[PDB]
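Trainee: One structure, as structure tokens, below. Some questions next.
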Amino acid sequence: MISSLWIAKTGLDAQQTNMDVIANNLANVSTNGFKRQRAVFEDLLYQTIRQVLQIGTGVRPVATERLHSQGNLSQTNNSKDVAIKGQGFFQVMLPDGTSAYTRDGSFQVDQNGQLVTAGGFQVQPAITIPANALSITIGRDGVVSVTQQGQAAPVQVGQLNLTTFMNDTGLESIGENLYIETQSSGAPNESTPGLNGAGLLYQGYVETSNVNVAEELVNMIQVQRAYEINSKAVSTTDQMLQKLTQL
Amino acid sequence: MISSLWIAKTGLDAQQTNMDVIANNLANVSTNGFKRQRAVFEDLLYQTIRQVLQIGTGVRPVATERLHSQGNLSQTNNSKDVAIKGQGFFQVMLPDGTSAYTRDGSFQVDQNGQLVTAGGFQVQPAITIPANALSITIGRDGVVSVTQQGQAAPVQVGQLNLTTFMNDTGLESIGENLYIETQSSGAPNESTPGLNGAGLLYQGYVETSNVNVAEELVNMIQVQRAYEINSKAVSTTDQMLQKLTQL
Amino acid sequence: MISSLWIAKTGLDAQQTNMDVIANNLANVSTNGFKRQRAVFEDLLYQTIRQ
Amino acid sequence: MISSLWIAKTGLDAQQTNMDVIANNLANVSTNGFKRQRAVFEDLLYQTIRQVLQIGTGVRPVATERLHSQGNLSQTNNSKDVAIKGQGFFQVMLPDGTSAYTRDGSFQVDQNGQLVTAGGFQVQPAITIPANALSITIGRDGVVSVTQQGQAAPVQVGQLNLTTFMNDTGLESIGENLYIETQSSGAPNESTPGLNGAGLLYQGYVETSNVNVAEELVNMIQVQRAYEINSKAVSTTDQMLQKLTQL
């Protein structure tokens with residue numbers, strides 16, 4: 001009755017949410033530095049009547065759980081492309097003054113010669129970009145050691161450190177592969193790149209998504225199948241309902 | 001339901017836009033002084049319900065992002081062909097009075113003896129072209145030091161400077177490999193060629209497109225494959241839809 | 001999946017860059033006092049999960 | 001049901017990981033001093049119910065297992081190229097102060113006249129490189145017996161020993177054909193080259209990868225075929241699934 005009603009309901013929304021999770025987890029290929037999520041089906045409190053006579057409740061997905069793994073990467077060969085071998089996150093300023101974190105390989109200049117990224121999102125710490133800076137020879141740990149015209153020297157026009165945290169599951173994607181520090185994110189530490197969990201700067205390259213598709217295509221197929229099996233359970237429930245409202 | 005609907009929609013248009021981007025990025029070989037674009041897939045705001053129970057949205061391509069790299073170049077050996085070693089952009093007048101910028105190696109004369117390009121688009125600054133000017137010995141920095149008939153001297157009949165900017169991503173192709181100054185383009189500076197980021201004049205030659213094809217052919221293949229995988233996701237979604245409208 | 005995608009990508013661009021390097025290294029005969037270049041294929045960081 | 005689901009899953013990821021392993025094992029030709037890896041498919045615990053009524057689980061790849069064999073080598077004839085006949089590993093300093101190990105044949109000088117390699121990675125022990133050192137006559141066991149201008153003698157400007165270990169499978173490639181001592185790597189011993197497993201210095205030459213391709217091309221073909229056969233197993237499983245959700 002109401003038992004099969006709510007049980008079919010929670011199986012329906014569990015399989016629906018699983019379908020939406022893997023559906024959003026297949027379309028996010030070529031998202032830069034991306035870590036993919038997945039739901040975990042878990043029960044609820046059971047209800048024992050007598051020592052063992054229980055009831056049993058719950059098939060619930062708890063939450064979508066991230067997978068912080070370095071995905072595929074591409075050899076792009078541009079000075080405005082920097083990947084990070086291993087871990088360590090970037091630190092860039094949002095234009096409202098707040099910070100941001102990412103794994104990005106696409107940075108630009110504004111009209112006023114500052115270093116920004118993603119079409120005008122300034123870095124942390126900020127770097128002014130000249131026009132006579134011919135070559136851009138970036139050090140592995142933030143040393144923006146460019147060479148200007150008439151200046152035959154790798155002039156360090158900027159120094160950058162990498163921010164590390166304690167639980168990157170608490171970090172949340174806040175729009176176009178950006179992250180900010182949350183409660184469960186951990187404590188920030190812009191340590192020197194190459195130490196304390198931070199990687200180094202690979203100039204010329206980008207990071208991308210850790211999206212394994214064919215495994216999650218099998219997951220799509222089996223979640224569709226379990227959605228249809230929940231539909232079969234609803235069909236049997238409503239067949240009993242119509243045969244008993246005939247009764 | 002609507003979740004899988006919009007998710008399949010944005011994966012569909014992301015892969016479609018990627019296919020169109022690489023499709024337009026393969027046909028533009030032999031375009032002179034050309035810098036090729038590419039889209040970047042990026043998420044949107046996620047939606048946390050509880051400290052970590054999120055929702056997650058976005059696979060969006062942000063924009064097509066240019067790659068300002070010197071492509072292939074050809075040895076053409078004509079005085080109306082001038083390439084630029086390195087950087088520095090040309091400055092030519094549009095016939096409505098406005099300026100234009102390019103990396104061109106094909107310039108002409110009008111009926112009235114002025115220096116134009118691309119079939120009647122005047123240079124900046126303008127140069128009058130005589131008829132007794134036998135040889136055209138162009139200096140490396142705009143010195144149009146031609147030698148006229150009866151005048152055994154490299155008569156400088158024109159001086160040209162090269163315009164530099166601050167963010168060439170803001171420059172937009174405004175028709176037949178032309179560019180004009182935009183907001184994000186940077187500040188113009190027609191400095192002497194050979195300094196402040198400007199190159200020199202290579203008389204006899206042209207610049208061309210930075211189009212790497214086989215890498216982007218692999219990109220075409222994988223975007224076709226991901227388009228088909230999004231089609232498989234739509235197929236599973238609609239199979240659940242038809243089996244549940246059977247229910 | 002993405003693994004074979006990027007692996008085929010970096011093998012493709014490595015062999016392409018090698019082809020361009022030897023291609024530019026064969027046309028530069030009779031260049032005066034010239035010293036020729038060559039690329040060196042090298043790995044990246046490996047990723048150990050367990051000893 | 002779930003049995004065929006997880007069995008198809010582990011066969012799918014086993015064949016996928018095998019495909020990625022041989023795919024990364026075919027692109028690493030001309031990597032210097034390289035030893036190639038390979039996965040090993042192995043079962044899990046079986047589950048006997050009665051003395052023999054078992055269940056049986058596992059097709060798992062355990063890990064990628066290196067093959068420490070000397071590959072192909074090339075006659076390069078440069079004093080900055082040194083191969084090692086047989087075994088024995090180099091010892092070079094990483095710029096953070098830590099050591100490194102390799103089989104390299106490409107070493108350089110810095111701006112400040114020290115001996116480095118790979119574009120500025122100093123050797124262990126460090127050697128200062130003069131400018132009047134005309135010829136570089138390297139001894140077979142680290143004797144950098146160069147001859148300086150005005151000094152008609154093989155002046156030993158450096159001595160080098162070779163580091164040996166106990167299990168080179170524990171050594172891990174830490175970026176651009178470098179290695180460092182790990183737990184399973186063994187104990188280091190920079191013995192004299194030519195003894196205790198160490199080879200000698202072949203000035204003029206390099207070592208390279210032990211990549212046999214056509215055998216591993218047959219491996220690529222058969223892993224593709226077994227991937228398709230796992231796909232056939234998934235197809236039969238889902239055909240039973242759809243014919244039984246018809247039931």
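Quick note on naming: the chains in the structure tokens go A, B, ... in the order shown, residues restart at 1 in each chain, and ligands are numbered from 1 in order of appearance.
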Compile the contact shell of residue 234 of chain A as an MDAnalysis selection string: residues with an atom at most 9 Å away, counting only C-alpha atoms, same-chain residues fewer than 5 positions apart removed.

Mentor: (chainID A and resid 4:5 8:9 229 239) or (chainID B and resid 247)

Trainee: Using N, CA, C and O atoms, can you write the selected residues to a file as a PDB file, in the first residue's frame?

Mentor:
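Contents of again28.pdb, as written:
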ATOM      1  N   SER A   4       4.773  -0.037  -0.375  1.00  0.00           N
ATOM      2  CA  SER A   4       5.187  -0.154  -1.764  1.00  0.00           C
ATOM      3  C   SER A   4       5.179   1.181  -2.491  1.00  0.00           C
ATOM      4  O   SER A   4       6.018   1.379  -3.373  1.00  0.00           O
ATOM      5  N   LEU A   5       4.287   2.100  -2.106  1.00  0.00           N
ATOM      6  CA  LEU A   5       4.240   3.433  -2.699  1.00  0.00           C
ATOM      7  C   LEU A   5       5.533   4.197  -2.449  1.00  0.00           C
ATOM      8  O   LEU A   5       6.193   4.649  -3.392  1.00  0.00           O
ATOM      9  N   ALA A   8       8.679   2.266  -3.984  1.00  0.00           N
ATOM     10  CA  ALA A   8       8.766   2.540  -5.409  1.00  0.00           C
ATOM     11  C   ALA A   8       9.162   3.983  -5.676  1.00  0.00           C
ATOM     12  O   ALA A   8       9.913   4.248  -6.618  1.00  0.00           O
ATOM     13  N   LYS A   9       8.710   4.915  -4.829  1.00  0.00           N
ATOM     14  CA  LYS A   9       9.103   6.314  -4.947  1.00  0.00           C
ATOM     15  C   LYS A   9      10.596   6.517  -4.742  1.00  0.00           C
ATOM     16  O   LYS A   9      11.242   7.183  -5.555  1.00  0.00           O
ATOM     17  N   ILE A 229      13.240  -1.651 -14.179  1.00  0.00           N
ATOM     18  CA  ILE A 229      12.839  -2.668 -13.210  1.00  0.00           C
ATOM     19  C   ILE A 229      12.021  -2.048 -12.075  1.00  0.00           C
ATOM     20  O   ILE A 229      11.045  -2.649 -11.602  1.00  0.00           O
ATOM     21  N   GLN A 239      -0.985  -3.035 -10.682  1.00  0.00           N
ATOM     22  CA  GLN A 239      -1.826  -4.147 -11.109  1.00  0.00           C
ATOM     23  C   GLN A 239      -2.550  -4.763  -9.924  1.00  0.00           C
ATOM     24  O   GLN A 239      -3.743  -5.076 -10.014  1.00  0.00           O
TER      25      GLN A 239
ATOM     26  N   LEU B 247       4.350   2.531 -18.896  1.00  0.00           N
ATOM     27  CA  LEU B 247       3.885   2.423 -17.526  1.00  0.00           C
ATOM     28  C   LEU B 247       2.900   3.553 -17.252  1.00  0.00           C
ATOM     29  O   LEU B 247       1.711   3.434 -17.542  1.00  0.00           O
TER      30      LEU B 247
END

Trainee: Distance cut-off 9 Å, counting only C-alpha atoms - which residues of chain B neighbour chain C? Return them as a compact mmCIF listing (two decimals) with N, CA, C and O atoms, in the first residue's frame.

Mentor:
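The resulting file, result16.txt, is shown below:
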# COMPACT_ATOMS: atom_id res chain seq x y z
N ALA B 214 46.05 17.37 -38.26
CA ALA B 214 45.94 15.97 -37.85
C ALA B 214 45.58 15.85 -36.37
O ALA B 214 44.79 14.98 -35.99
N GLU B 215 46.13 16.74 -35.54
CA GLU B 215 45.68 16.86 -34.16
C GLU B 215 44.21 17.24 -34.11
O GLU B 215 43.41 16.61 -33.41
N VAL B 218 42.05 14.37 -35.12
CA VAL B 218 41.76 13.54 -33.95
C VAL B 218 40.69 14.20 -33.09
O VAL B 218 39.80 13.52 -32.54
N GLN B 222 37.09 12.53 -32.17
CA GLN B 222 36.62 12.37 -30.80
C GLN B 222 35.40 13.24 -30.51
O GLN B 222 34.58 12.86 -29.67

Trainee: For chain B against chain D, which residues fall within 12 Å using only C-alpha atoms, given as an MDAnalysis selection string?

Mentor: chainID B and resid 239:240 243 246

Trainee: Tell me which of A:148, A:242, A:163, A:122 sits closest to residue 180 of chain A, counting only C-alpha atoms.

Mentor: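 Residue with the minimum atom-to-atom distance to residue 180 of chain A: A:163.
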
Trainee: Find the spatial neighbours of residue 82 of chain A, counting only C-alpha atoms, within a cut-off of 6 Å - ignore same-chain residues fewer than 5 positions away - and output them as a PDB file with N, CA and C atoms, in the first residue's frame.

Mentor:
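Final output, out_33.pdb:
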ATOM      1  N   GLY A 105      44.427  26.194 -17.657  1.00  0.00           N
ATOM      2  CA  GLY A 105      45.516  26.406 -18.587  1.00  0.00           C
ATOM      3  C   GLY A 105      45.193  27.430 -19.658  1.00  0.00           C
ATOM      4  N   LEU A 201      54.884  24.127 -12.597  1.00  0.00           N
ATOM      5  CA  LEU A 201      54.265  24.773 -13.748  1.00  0.00           C
ATOM      6  C   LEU A 201      54.782  24.126 -15.024  1.00  0.00           C
ATOM      7  N   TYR A 202      53.868  23.577 -15.816  1.00  0.00           N
ATOM      8  CA  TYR A 202      54.179  23.029 -17.130  1.00  0.00           C
ATOM      9  C   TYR A 202      53.648  24.007 -18.169  1.00  0.00           C
ATOM     10  N   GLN A 203      54.516  24.898 -18.646  1.00  0.00           N
ATOM     11  CA  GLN A 203      54.117  25.928 -19.600  1.00  0.00           C
ATOM     12  C   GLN A 203      53.924  25.310 -20.978  1.00  0.00           C
ATOM     13  N   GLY A 204      52.746  25.512 -21.554  1.00  0.00           N
ATOM     14  CA  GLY A 204      52.405  24.939 -22.835  1.00  0.00           C
ATOM     15  C   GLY A 204      51.245  23.980 -22.810  1.00  0.00           C
ATOM     16  N   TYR A 205      50.681  23.687 -21.644  1.00  0.00           N
ATOM     17  CA  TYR A 205      49.805  22.535 -21.514  1.00  0.00           C
ATOM     18  C   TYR A 205      48.589  22.906 -20.685  1.00  0.00           C
ATOM     19  N   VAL A 206      47.603  22.009 -20.695  1.00  0.00           N
ATOM     20  CA  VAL A 206      46.390  22.142 -19.900  1.00  0.00           C
ATOM     21  C   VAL A 206      46.118  20.810 -19.217  1.00  0.00           C
TER      22      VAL A 206
END

Trainee: Neighbouring residues of segment 39-45 of chain D were defined as those with any atom within 8 Å, considering only C-alpha atoms; residues of the same chain fewer than 6 positions away were excluded. Please report them as a list in words.

Mentor: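 With the cut-off at 8 Å, the set is residues 14, 18, 21, 56, 57, 58, 59, 60, 61, 62, 63, 64 and 65 of chain D.
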
Trainee: So what do you get for atom CA of residue 177 of chain A versus atom CA of residue 28 of chain A, distance-wise?

Mentor: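 Atom-to-atom, atom CA of residue 177 of chain A and atom CA of residue 28 of chain A are spaced 10.8 Å apart.
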
Trainee: Looking only at helix (DSSP H, G or I) from DSSP on the backbone, list the matching residues of chain C as a list in words.

Mentor: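 Written out, the helix (DSSP H, G or I) residues of chain C are residues 2, 3, 4, 5, 6, 7, 8, 9, 10, 11, 12, 13, 14, 15, 16, 17, 18, 19, 20, 21, 22, 23 and 24 of chain C.
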
Trainee: Just asking: which residues within segment 14-243 of chain B are strand (DSSP E or B) according to DSSP, as an MDAnalysis selection string?

Mentor: chainID B and resid 36 39:41 45 50 53 61:64 67 73:75 82:85 89 92:93 99:101 107:109 114:117 121:123 128 133:135 138 144:148 155:156 162:164 172:173 179:180 189:191 200:203 205:207

Trainee: For the residues selected in the previous step, produce a file with C-alpha atoms as an mmCIF file, in the first residue's frame.

Mentor:
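selection21.cif, written as the output of this step:
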data_model
loop_
_atom_site.group_PDB
_atom_site.id
_atom_site.type_symbol
_atom_site.label_atom_id
_atom_site.label_comp_id
_atom_site.auth_asym_id
_atom_site.auth_seq_id
_atom_site.Cartn_x
_atom_site.Cartn_y
_atom_site.Cartn_z
ATOM 1 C CA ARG B 36 43.045 29.764 -34.950
ATOM 2 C CA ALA B 39 36.300 26.429 -27.415
ATOM 3 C CA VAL B 40 36.821 25.545 -23.741
ATOM 4 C CA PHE B 41 34.287 23.367 -21.932
ATOM 5 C CA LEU B 45 27.519 27.049 -10.482
ATOM 6 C CA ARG B 50 24.150 20.569 2.913
ATOM 7 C CA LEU B 53 25.503 17.419 -0.784
ATOM 8 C CA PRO B 61 31.873 26.023 -23.841
ATOM 9 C CA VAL B 62 32.768 29.535 -22.760
ATOM 10 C CA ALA B 63 34.011 31.007 -26.081
ATOM 11 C CA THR B 64 36.322 30.223 -28.971
ATOM 12 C CA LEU B 67 45.961 30.869 -30.622
ATOM 13 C CA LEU B 73 55.078 30.734 -44.387
ATOM 14 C CA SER B 74 55.965 30.538 -48.076
ATOM 15 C CA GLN B 75 58.808 31.927 -50.196
ATOM 16 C CA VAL B 82 55.979 41.245 -47.387
ATOM 17 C CA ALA B 83 55.911 38.955 -44.367
ATOM 18 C CA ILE B 84 56.789 39.911 -40.792
ATOM 19 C CA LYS B 85 59.314 37.852 -38.860
ATOM 20 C CA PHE B 89 50.700 44.099 -37.126
ATOM 21 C CA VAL B 92 45.781 49.924 -43.460
ATOM 22 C CA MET B 93 42.895 52.296 -44.123
ATOM 23 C CA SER B 99 41.757 51.872 -39.853
ATOM 24 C CA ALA B 100 42.436 48.156 -40.187
ATOM 25 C CA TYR B 101 45.040 45.655 -39.004
ATOM 26 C CA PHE B 107 49.352 44.742 -51.810
ATOM 27 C CA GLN B 108 48.422 46.559 -55.008
ATOM 28 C CA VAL B 109 48.190 49.909 -56.782
ATOM 29 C CA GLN B 114 48.177 55.123 -54.528
ATOM 30 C CA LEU B 115 49.363 52.136 -52.521
ATOM 31 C CA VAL B 116 46.431 49.910 -51.568
ATOM 32 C CA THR B 117 46.022 46.253 -50.653
ATOM 33 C CA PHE B 121 42.295 49.041 -49.504
ATOM 34 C CA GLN B 122 44.689 51.906 -48.837
ATOM 35 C CA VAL B 123 47.655 51.669 -46.467
ATOM 36 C CA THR B 128 51.754 57.213 -53.878
ATOM 37 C CA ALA B 133 59.827 53.385 -60.125
ATOM 38 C CA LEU B 134 61.622 50.410 -61.652
ATOM 39 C CA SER B 135 62.883 48.437 -58.650
ATOM 40 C CA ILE B 138 61.839 47.917 -49.350
ATOM 41 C CA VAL B 144 59.978 52.054 -49.225
ATOM 42 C CA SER B 145 63.304 52.890 -50.828
ATOM 43 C CA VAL B 146 62.391 52.302 -54.466
ATOM 44 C CA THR B 147 64.616 53.338 -57.379
ATOM 45 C CA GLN B 148 62.999 55.391 -60.111
ATOM 46 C CA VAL B 155 64.372 56.852 -53.040
ATOM 47 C CA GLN B 156 62.358 56.373 -49.844
ATOM 48 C CA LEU B 162 54.013 48.598 -36.996
ATOM 49 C CA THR B 163 51.063 48.737 -34.607
ATOM 50 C CA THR B 164 51.269 46.746 -31.375
ATOM 51 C CA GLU B 172 38.411 40.403 -34.055
ATOM 52 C CA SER B 173 38.613 39.337 -37.692
ATOM 53 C CA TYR B 179 41.357 43.391 -37.677
ATOM 54 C CA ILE B 180 40.355 46.574 -35.882
ATOM 55 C CA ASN B 189 51.189 51.774 -30.780
ATOM 56 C CA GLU B 190 52.641 52.163 -34.272
ATOM 57 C CA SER B 191 56.216 51.810 -33.110
ATOM 58 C CA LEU B 200 60.693 43.574 -39.672
ATOM 59 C CA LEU B 201 59.680 43.594 -43.327
ATOM 60 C CA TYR B 202 60.512 40.449 -45.303
ATOM 61 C CA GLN B 203 59.957 41.520 -48.914
ATOM 62 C CA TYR B 205 57.039 36.505 -48.617
ATOM 63 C CA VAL B 206 53.694 35.967 -46.901
ATOM 64 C CA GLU B 207 52.510 34.661 -43.547
#

Trainee: Determine, counting only C-alpha atoms, which protein, DNA and RNA residues have an atom within 8 Å of an atom of residue 22 of chain B; residues of the same chain fewer than 2 positions away are not included. Present the result as a list in words.

Mentor: residues 18, 19, 20, 24, 25, 26, 38, 216, 219 and 220 of chain B
